[PDB]
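*Asks:* Contents of work_22.cif (mmCIF, C-alpha atoms and all ligand atoms):
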data_my_file
#
loop_
_atom_site.label_atom_id
_atom_site.label_comp_id
_atom_site.auth_asym_id
_atom_site.auth_seq_id
_atom_site.Cartn_x
_atom_site.Cartn_y
_atom_site.Cartn_z
CA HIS A 4 0.00 0.00 0.00
CA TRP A 5 1.17 3.53 -0.72
CA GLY A 6 2.90 5.29 2.13
CA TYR A 7 5.73 7.69 2.94
CA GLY A 8 8.51 5.15 3.36
CA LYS A 9 11.44 4.36 1.08
CA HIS A 10 9.69 1.47 -0.65
CA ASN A 11 6.20 2.97 -0.85
CA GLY A 12 6.95 6.69 -0.82
CA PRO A 13 5.82 9.55 -3.14
CA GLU A 14 8.39 8.53 -5.75
CA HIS A 15 6.64 5.14 -6.07
CA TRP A 16 3.02 6.34 -6.28
CA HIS A 17 3.00 6.74 -10.07
CA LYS A 18 3.10 2.95 -10.49
CA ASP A 19 -0.33 2.52 -8.87
CA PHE A 20 -1.65 6.03 -9.63
CA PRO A 21 -0.48 7.24 -13.10
CA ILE A 22 -2.04 10.66 -12.51
CA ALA A 23 0.93 11.25 -10.20
CA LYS A 24 2.74 12.55 -13.28
CA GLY A 25 -0.26 14.54 -14.49
CA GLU A 26 -0.48 18.17 -15.63
CA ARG A 27 -2.05 19.74 -12.52
CA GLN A 28 -0.43 17.97 -9.58
CA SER A 29 0.09 19.44 -6.12
CA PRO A 30 1.80 20.64 -4.08
CA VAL A 31 4.03 23.20 -5.81
CA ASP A 32 6.56 25.82 -4.82
CA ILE A 33 4.99 29.28 -4.68
CA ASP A 34 7.41 31.68 -6.35
CA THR A 35 6.28 35.06 -5.01
CA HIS A 36 8.03 36.99 -7.80
CA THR A 37 6.18 35.02 -10.48
CA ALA A 38 2.73 34.94 -8.87
CA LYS A 39 0.48 37.58 -10.43
CA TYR A 40 -1.83 39.92 -8.52
CA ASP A 41 -5.40 39.58 -9.75
CA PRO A 42 -7.69 42.59 -9.04
CA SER A 43 -10.72 40.53 -10.05
CA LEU A 44 -10.27 38.06 -7.18
CA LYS A 45 -12.97 38.52 -4.55
CA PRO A 46 -12.29 38.40 -0.80
CA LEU A 47 -12.55 34.94 0.74
CA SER A 48 -15.78 34.23 2.60
CA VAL A 49 -15.46 31.69 5.40
CA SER A 50 -18.68 30.92 7.28
CA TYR A 51 -17.75 28.42 10.00
CA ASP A 52 -20.12 29.71 12.69
CA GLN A 53 -22.47 26.71 12.46
CA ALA A 54 -19.80 24.04 12.00
CA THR A 55 -20.54 20.59 13.41
CA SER A 56 -17.49 18.42 14.01
CA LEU A 57 -18.29 14.74 14.52
CA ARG A 58 -15.19 12.60 14.88
CA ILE A 59 -11.40 12.39 14.73
CA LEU A 60 -9.74 9.46 12.95
CA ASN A 61 -6.26 8.06 12.30
CA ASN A 62 -6.47 6.72 8.74
CA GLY A 63 -2.93 5.38 8.66
CA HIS A 64 -1.40 8.37 6.86
CA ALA A 65 -2.69 11.32 8.91
CA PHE A 66 -5.63 12.19 11.14
CA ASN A 67 -8.89 13.68 9.92
CA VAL A 68 -11.42 15.73 11.87
CA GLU A 69 -14.71 15.06 10.10
CA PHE A 70 -17.68 17.42 9.90
CA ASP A 71 -21.37 16.97 9.14
CA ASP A 72 -21.76 18.05 5.51
CA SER A 73 -25.40 17.07 4.94
CA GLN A 74 -26.26 20.78 5.00
CA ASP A 75 -24.50 24.12 4.45
CA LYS A 76 -23.31 24.42 8.06
CA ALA A 77 -19.69 25.31 7.33
CA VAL A 78 -19.13 26.82 3.90
CA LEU A 79 -16.44 28.54 1.87
CA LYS A 80 -17.29 30.97 -0.93
CA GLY A 81 -15.93 34.03 -2.70
CA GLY A 82 -12.30 34.25 -3.70
CA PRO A 83 -11.62 32.45 -7.02
CA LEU A 84 -14.54 30.12 -6.31
CA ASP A 85 -17.83 29.97 -8.16
CA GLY A 86 -20.54 28.53 -5.94
CA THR A 87 -20.65 27.18 -2.40
CA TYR A 88 -18.21 24.62 -0.99
CA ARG A 89 -18.96 22.57 2.15
CA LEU A 90 -16.27 21.66 4.67
CA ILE A 91 -15.98 17.89 4.97
CA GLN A 92 -12.72 17.34 6.90
CA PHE A 93 -9.39 18.87 7.80
CA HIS A 94 -6.00 17.27 8.40
CA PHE A 95 -2.34 18.22 8.64
CA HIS A 96 0.99 17.21 7.11
CA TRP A 97 4.05 17.54 9.32
CA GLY A 98 7.71 16.65 9.50
CA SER A 99 10.10 14.83 11.81
CA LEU A 100 11.88 18.15 12.40
CA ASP A 101 10.69 21.76 12.56
CA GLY A 102 12.55 22.59 9.35
CA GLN A 103 10.25 20.51 7.14
CA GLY A 104 6.67 19.31 7.03
CA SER A 105 4.58 21.56 4.78
CA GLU A 106 3.70 20.40 1.28
CA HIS A 107 3.58 23.79 -0.44
CA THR A 108 6.66 25.98 -0.07
CA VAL A 109 7.09 29.74 -0.51
CA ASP A 110 10.18 30.78 -2.43
CA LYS A 111 11.51 27.34 -1.51
CA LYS A 112 10.86 27.91 2.20
CA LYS A 113 9.47 24.93 4.12
CA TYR A 114 7.21 25.26 7.18
CA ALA A 115 6.86 22.87 10.14
CA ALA A 116 3.41 21.73 9.07
CA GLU A 117 0.51 22.45 6.76
CA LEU A 118 -3.21 22.42 7.55
CA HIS A 119 -5.71 21.43 4.86
CA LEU A 120 -9.42 22.18 5.20
CA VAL A 121 -11.18 20.18 2.46
CA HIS A 122 -14.45 21.39 0.88
CA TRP A 123 -16.59 20.06 -1.99
CA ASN A 124 -18.78 21.93 -4.49
CA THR A 125 -22.44 21.63 -3.43
CA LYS A 127 -23.76 21.65 -7.00
CA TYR A 128 -22.48 18.09 -7.34
CA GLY A 129 -24.64 16.61 -4.58
CA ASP A 130 -21.94 14.70 -2.71
CA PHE A 131 -18.18 14.45 -2.28
CA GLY A 132 -18.02 11.33 -4.43
CA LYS A 133 -19.43 13.08 -7.48
CA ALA A 134 -17.40 16.19 -6.68
CA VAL A 135 -14.11 14.34 -7.27
CA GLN A 136 -15.18 13.63 -10.85
CA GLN A 137 -15.14 17.33 -11.74
CA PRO A 138 -12.36 19.85 -12.51
CA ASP A 139 -13.91 22.29 -10.01
CA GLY A 140 -15.25 19.77 -7.52
CA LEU A 141 -13.01 20.56 -4.55
CA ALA A 142 -11.56 23.59 -2.80
CA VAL A 143 -8.82 23.17 -0.24
CA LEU A 144 -7.72 25.94 2.10
CA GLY A 145 -4.06 25.60 3.00
CA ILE A 146 -2.54 27.13 6.11
CA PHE A 147 1.13 27.01 7.07
CA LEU A 148 2.18 26.30 10.66
CA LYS A 149 5.37 27.71 12.10
CA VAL A 150 6.90 26.79 15.45
CA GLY A 151 6.67 29.66 17.91
CA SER A 152 3.89 30.54 20.34
CA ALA A 153 1.19 28.02 21.21
CA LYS A 154 -2.12 28.17 19.38
CA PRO A 155 -4.93 27.90 21.99
CA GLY A 156 -7.56 26.75 19.51
CA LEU A 157 -5.39 23.78 18.50
CA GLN A 158 -4.85 22.30 21.96
CA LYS A 159 -8.23 20.52 21.87
CA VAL A 160 -7.00 18.49 18.90
CA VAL A 161 -3.62 17.92 20.53
CA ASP A 162 -5.11 16.40 23.70
CA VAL A 163 -7.23 13.78 21.91
CA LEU A 164 -4.34 12.36 19.84
CA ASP A 165 -3.41 9.80 22.51
CA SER A 166 -6.76 8.08 21.93
CA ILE A 167 -6.19 7.60 18.19
CA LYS A 168 -2.52 6.67 18.24
CA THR A 169 -2.80 3.79 15.77
CA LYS A 170 -4.29 3.26 12.32
CA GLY A 171 -8.03 2.68 12.32
CA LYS A 172 -8.79 4.25 15.70
CA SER A 173 -11.42 6.97 15.93
CA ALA A 174 -12.97 9.01 18.73
CA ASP A 175 -15.98 11.27 19.20
CA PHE A 176 -14.89 14.84 18.61
CA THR A 177 -17.89 17.16 18.82
CA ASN A 178 -18.20 20.90 19.22
CA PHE A 179 -14.78 21.79 17.82
CA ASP A 180 -14.66 25.25 16.23
CA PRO A 181 -12.32 25.44 13.20
CA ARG A 182 -12.33 29.25 13.34
CA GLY A 183 -9.69 28.97 16.05
CA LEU A 184 -7.20 27.76 13.44
CA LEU A 185 -7.42 30.73 11.07
CA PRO A 186 -4.69 33.38 10.78
CA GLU A 187 -5.71 37.03 11.15
CA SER A 188 -5.34 37.94 7.47
CA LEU A 189 -7.05 36.06 4.66
CA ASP A 190 -4.75 37.17 1.82
CA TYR A 191 -3.95 34.21 -0.41
CA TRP A 192 -2.44 32.62 -3.51
CA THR A 193 -4.56 30.33 -5.67
CA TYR A 194 -3.94 27.84 -8.46
CA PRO A 195 -5.61 24.74 -9.97
CA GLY A 196 -4.20 21.52 -8.53
CA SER A 197 -4.81 18.10 -7.00
CA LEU A 198 -5.17 16.24 -3.71
CA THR A 199 -1.70 15.49 -2.37
CA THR A 200 -2.31 11.83 -1.55
CA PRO A 201 -3.61 8.99 -3.71
CA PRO A 202 -5.81 8.94 -5.69
CA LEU A 203 -4.22 12.36 -6.37
CA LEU A 204 -7.35 13.56 -8.21
CA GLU A 205 -7.01 16.84 -10.10
CA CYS A 206 -10.27 18.46 -8.96
CA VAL A 207 -8.86 21.06 -6.58
CA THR A 208 -8.86 24.83 -6.59
CA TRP A 209 -6.10 25.57 -4.08
CA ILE A 210 -6.26 28.56 -1.76
CA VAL A 211 -3.05 28.90 0.25
CA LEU A 212 -3.04 31.65 2.89
CA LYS A 213 0.01 33.93 3.04
CA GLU A 214 -0.08 34.31 6.82
CA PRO A 215 0.96 31.22 8.78
CA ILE A 216 -0.31 30.45 12.27
CA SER A 217 2.12 29.75 15.11
CA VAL A 218 2.10 26.56 17.20
CA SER A 219 4.31 25.65 20.15
CA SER A 220 7.07 23.07 19.99
CA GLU A 221 5.07 20.99 22.49
CA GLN A 222 2.00 21.00 20.26
CA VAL A 223 3.92 19.87 17.16
CA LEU A 224 5.77 17.23 19.20
CA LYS A 225 2.50 15.50 20.04
CA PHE A 226 1.62 15.13 16.34
CA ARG A 227 4.88 13.17 15.98
CA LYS A 228 3.88 10.58 18.58
CA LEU A 229 1.18 9.15 16.33
CA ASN A 230 1.68 5.84 14.51
CA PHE A 231 1.33 4.89 10.84
CA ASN A 232 0.93 1.28 11.96
CA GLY A 233 -2.13 -0.44 13.36
CA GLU A 234 -2.41 -1.61 16.96
CA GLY A 235 -0.33 -4.71 17.65
CA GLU A 236 2.23 -4.02 14.92
CA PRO A 237 5.83 -2.75 14.86
CA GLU A 238 5.76 0.94 15.76
CA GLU A 239 6.37 3.41 12.93
CA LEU A 240 6.05 7.03 14.05
CA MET A 241 3.78 9.16 11.91
CA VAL A 242 6.22 11.79 10.65
CA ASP A 243 7.07 13.38 7.32
CA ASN A 244 3.72 12.57 5.74
CA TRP A 245 4.23 15.26 3.09
CA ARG A 246 4.66 15.08 -0.68
CA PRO A 247 7.55 16.88 -2.45
CA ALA A 248 6.79 19.89 -4.66
CA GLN A 249 5.65 19.01 -8.17
CA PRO A 250 6.28 20.80 -11.50
CA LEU A 251 4.01 23.79 -12.09
CA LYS A 252 3.95 23.15 -15.85
CA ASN A 253 1.24 25.10 -17.70
CA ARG A 254 -0.23 26.83 -14.65
CA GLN A 255 -0.30 30.34 -13.25
CA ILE A 256 -0.43 31.17 -9.55
CA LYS A 257 -2.51 34.24 -8.74
CA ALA A 258 -2.33 36.43 -5.63
CA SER A 259 -5.24 38.23 -3.97
CA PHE A 260 -2.86 40.89 -2.64
CA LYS A 261 -0.20 43.07 -4.25
HG HG B 301 -3.63 5.64 4.67
HG HG B 302 -11.27 16.04 -11.17
ZN ZN B 303 -3.54 17.33 2.83
#
Spit out the file's structure as structure tokens when you get a sec.
*Replies:*
Amino acid sequence: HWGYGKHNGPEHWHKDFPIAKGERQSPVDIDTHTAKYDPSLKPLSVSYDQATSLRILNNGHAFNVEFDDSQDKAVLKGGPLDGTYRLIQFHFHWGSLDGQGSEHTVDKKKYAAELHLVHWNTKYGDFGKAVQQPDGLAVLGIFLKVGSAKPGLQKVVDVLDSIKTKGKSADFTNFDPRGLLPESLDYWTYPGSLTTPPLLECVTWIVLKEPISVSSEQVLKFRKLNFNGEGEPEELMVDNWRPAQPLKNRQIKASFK
């Protein structure tokens, strides 16, 4: 099965998932001097006031916090998007050291971790149909840097011990994702893909310029998770990020000058 190890890592994915060498693969390096300001880009609209978190799960490659998406409770609109996108789950990518971990990079700079809030286009009825369309998904990317602790993140940090191994899940209600947003919503945007198999190219990426800060202690706890299932040799869940891919025929736009 695909993974992040030497024998099943990102460099091996193409064998099982040919799209890995596609034309709109993510992540990519964001070259700030090549990104173009776009005056026509609307401000991002994030309505997470009625969000309903349901559970937290270790899927063997990261941990997802899942939300109820049977209604427009938590939606993303505006920006380069056309229509309403419902939040379905968020997860992170992190490294074994503070100097690496994010998937996207800015002028080649790597961050300690990267948060991805996944949304699907409501006009397609459900997530499953959404990943069969070029504009089916919208992912909001937020960089994490090691510095001061992020209060709103501690709730996630404390429940990790209960989902240490692959397959474990735990009730995780009443979590407010608004506590994970930076102050500014300026962003870069480009058409891309999910960063893990099946690597589907249905994503409009929105990567925020402002990173949020997390404490060393908070990031350390992410690193105590396991890729393995209970009762198996322990493999720490670290460096679950994909290397930057070629931009090819794509332009990265900025919402700010
Ligand atoms: Hg997995
Ligand atoms: Hg697609
Ligand atoms: Zn991700």
*Asks:* Give me the residues within 8 Å of range 239-256 of chain A as an MDAnalysis selection string, counting all atoms listed in the file and dropping any in the same chain fewer than 4 places off.
*Replies:* chainID A and resid 7 13 26:33 37:39 64:65 96:99 103:108 192:195 199:200 226:232
*Asks:* For each of A:87, A:74, A:56, A:169, take the minimum atom-to-atom distance to residue 234 in chain A, counting all atoms listed in the file, then give the residue where this is smallest.
*Replies:* A:169
*Asks:* Measuring atom to atom with all atoms listed in the file, identify which of A:134, A:207, A:223, A:120 is nearest to residue 184 in chain A.
*Replies:* A:120
*Asks:* Please extract the residues at most 8 Å from ligand HG 302 (chain B), counting all atoms listed in the file, and provide them as a ChimeraX atom specification, using the chain letters and residue numbers of this document.
*Replies:* /A:134-140,197,204-207
*Asks:* Give one line per residue of chain A that approaches ligand ZN 303 (chain B) to at most 7 Å, naming the two atoms of the closest pair and their distance in Å to one decimal, counting all atoms listed in the file; sort by chain then ascending residue number and deliver it as a tab-separated table.
*Replies:*
residue	atom	partner	partner_atom	distance
A:94	CA	B:ZN303	ZN	6.1
A:95	CA	B:ZN303	ZN	6.0
A:96	CA	B:ZN303	ZN	6.2
A:118	CA	B:ZN303	ZN	6.9
A:119	CA	B:ZN303	ZN	5.1
A:198	CA	B:ZN303	ZN	6.8
A:199	CA	B:ZN303	ZN	5.8
*Asks:* Calculated over all atoms listed in the file, which of the candidates A:121, A:109, A:141, A:128 has the smallest distance to residue 35 in chain A?
*Replies:*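 Checking each of A:121, A:109, A:141, A:128 against residue 35 in chain A, counting all atoms listed in the file, the winner is A:109.
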*Asks:* Which residue gives the smallest distance to residue 156 in chain A among A:34, A:187, A:180, A:236, with all atoms listed in the file counted?
*Replies:*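 Checking each of A:34, A:187, A:180, A:236 against residue 156 in chain A, counting all atoms listed in the file, the winner is A:180.
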*Asks:* Report, in Å with one decimal, the straight-line distance from CA of residue 82 in chain A to CA of residue 125 in chain A.
*Replies:*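 One can read the CA of residue 82 in chain A to CA of residue 125 in chain A distance as 16.2 Å.
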*Asks:* For ligand HG 301 (chain B), which residue among A:8, A:63, A:189, A:217 is the nearest when counting all atoms listed in the file?
*Replies:*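 Nearest candidate to ligand HG 301 (chain B) out of A:8, A:63, A:189, A:217: A:63.
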*Asks:* Compile the contact shell of residue 225 in chain A as a PyMOL selection string: residues with an atom at most 10 Å away, counting all atoms listed in the file, same-chain residues fewer than 5 positions apart removed.
*Replies:* chain A and resi 161-162+164-165+220
*Asks:* Considering only C-alpha atoms, can you say which of A:59, A:216, A:185, A:84 comes closest to residue 160 in chain A?
*Replies:* A:59
*Asks:* What is the CA of residue 20 in chain A to CA of residue 132 in chain A distance in Å?
*Replies:*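 Spanning CA of residue 20 in chain A to CA of residue 132 in chain A is a straight-line distance of 18.0 Å.
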*Asks:* As a ChimeraX atom specification, please: the residues near residue 71 in chain A (cut-off 8 Å, only C-alpha atoms, same-chain neighbours under 5 positions excluded).
*Replies:* /A:54-57,76,91
*Asks:* One number please: CA of residue 72 in chain A to CA of residue 179 in chain A, in Å, one decimal.
*Replies:*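 CA of residue 72 in chain A sits 14.6 Å away from CA of residue 179 in chain A.
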*Asks:* Please provide the set of residues having any atom within 8 Å of residue 45 in chain A, restricted to all atoms listed in the file, with same-chain residues fewer than 6 positions apart removed, written as a PyMOL selection string.
*Replies:* chain A and resi 81-83+259
*Asks:* Find the residues around residue 67 in chain A up to 8 Å (all atoms listed in the file counted), leave out those fewer than 5 positions away in its own chain, and share them as a list in words.
*Replies:*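 Residues near the query, excluding close chain neighbours: residues 59, 60, 61, 62, 92, 93 and 94 of chain A.
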